[PDB]
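Undergrad: Can you look at this? It's an experimental structure, sequence on top.
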Protein chains: 2
Amino acid sequence: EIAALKXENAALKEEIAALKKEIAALXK
Amino acid sequence: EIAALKXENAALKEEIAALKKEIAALXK
Ligand SMILES: [Cu+2]
Ligand SMILES: [Cu+2]
């Protein structure tokens, strides 16, 4: 469960990184 | 560690929800 939770965390962090990149493209 | 990981998960999910709300406001 720790490993599975760690992986959900990495996936959410990557989605957060992509969403910020989408915001930057929208603002430019 | 499971509880702490669960909480990081809830915080990331709330940031994802806010970032999508920010994208919707930018697109409108
Ligand atoms: Cu990897
Ligand atoms: Cu709460």
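TA: Thanks, I have it. Numbering: from 1, shown residues only, chains lettered A, B, ... in the order given. Ligands and ions are numbered 1, 2, ... in the order given.
Undergrad: For the rest of this, base every contact and every neighbour count on C-alpha atoms.
TA: Noted.
Undergrad: quick one: contacts for residue A:1?
TA: When contacts are counted by C-alpha atoms under 8 Å, 6 or more residues apart in numbering or on different chains, residue A:1 touches residue B:2.
Undergrad: which parts of chain A sit against chain B?
TA: Proximity of chain A to chain B, by C-alpha under 8 Å from any C-alpha of the partner chain, involves residues A:1-2, A:5-6, A:8-9, A:12-13, A:15-16, A:19-20, A:22-23, A:26-27.
Undergrad: just checking, which of those belong to helices?
TA: Per DSSP state H, helices hold the following members of these: A:2, A:5-6, A:8-9, A:12-13, A:15-16, A:19-20, A:22-23, A:26-27.
Undergrad: Drop anything exposed from the residues you listed.
TA: A:5, A:6, A:9, A:12, A:13, A:16, A:19, A:20, A:23 (16 or more other C-alpha atoms under 10 Å in any protein chain shown).
Undergrad: Surely residue A:23 and residue B:23 touch.
TA: Yes - under the criterion of C-alpha atoms under 8 Å, residue A:23 makes contact with residue B:23 at 6.3 Å.
Undergrad: intersection of neighbour lists for those two?
TA: Residues touching both residue A:23 and residue B:23 by C-alpha under 8 Å, 6+ apart: none at all.
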